[PDB]
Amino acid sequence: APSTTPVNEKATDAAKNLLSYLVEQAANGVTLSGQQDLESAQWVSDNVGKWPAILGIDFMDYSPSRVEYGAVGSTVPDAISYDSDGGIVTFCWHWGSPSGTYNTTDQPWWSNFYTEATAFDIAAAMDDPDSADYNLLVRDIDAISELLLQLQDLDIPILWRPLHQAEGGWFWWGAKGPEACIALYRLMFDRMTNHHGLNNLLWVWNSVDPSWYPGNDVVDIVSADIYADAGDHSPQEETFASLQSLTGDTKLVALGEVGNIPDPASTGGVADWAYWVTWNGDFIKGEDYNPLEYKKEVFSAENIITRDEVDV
């Protein structure tokens, strides 16, 4: 069954308490609501009637290579505000490649997390710790670690989901097979936990295939991102079962991203997702994926937690 002990023995009380709360809720057939982007969370409050429990945001535009092209990151204040309002925060990282950005017509700099938008080679970087690219990877990790340390100084625990969707291959970190991506994940875990003393993090992995798994010693929560056909609100039992066997059923299981919110009237005892995070834009705002009447039902449900109900 899911562990309530963070893999970082030095975890803060706020990180320990968040993991224990999520495990308890999921064991009871309760799922936390979530939404990517503060403006979309505001839309849900304004149109559906509830603030999502979890705010998903991204370190993307703090990536050092993106700063070189004029990017201005602004999500750390949104984490602080959501936490001040009683919510929970998850970060992903659409990591702009440390070198190799093309910045062409078809591959603008602002797409430089996609494999197609950069020359960057994660495998060549990880095989040579003396290389410029290896040193730039560690510098990028240090850049994002500073942001996480600001959040740790404020006693804000974070559901940290780096190197997401890795196995798909469409982001540069997944373009050179599993070994290089696992090595980068474990390097990040060590650099953040040990060198930086980051103790406010719960580590969320986001690939299903066992050959991509970085190990139970460096992961607190396993997840997948599901973009089913518009209007498919099934519980996604097969994916849930694959995420249980990934860890020998020792880690909490969640949805990192959804296009379609799984119907909470059909998940109980089939696929006890700890949380889901709806993507931004049309996925939450339109009528094709998650219609207004359905959203109102989901967010009002007894077995869905919204921000007003969070009680860590």
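So that there is no doubt, residue numbering starts at 1 and follows the sequence shown.
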query: Stretch with the greater mean C-alpha B-factor as recorded in the entry, comparing 128-136 against 156-164; finding: 128-136
query: 20-28 set against 290-298, stretch whose average Cα temperature factor tops the other in the entry; finding: 20-28
query: Deposited CA B-factor, highest of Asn200, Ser145, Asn112, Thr239; finding: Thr239
query: Given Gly248, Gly56, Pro52, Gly70, the residue at which the Cα B factor reaches its maximum; finding: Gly248
query: Entry-reported Cα temperature factor of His94, expressed as the chain third it lands in; finding: lowest
query: Position of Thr105 among the chain's modelled residues by C-alpha B-factor, lowest, middle or highest third; finding: middle
query: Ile284 by Cα B-factor - lowest, middle or highest third of the modelled chain; finding: middle
query: Third assignment of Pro264 from its chain's C-alpha B-factors; finding: highest
query: Relative C-alpha B-factor of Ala230, binned into the chain's lowest, middle or highest third; finding: highest
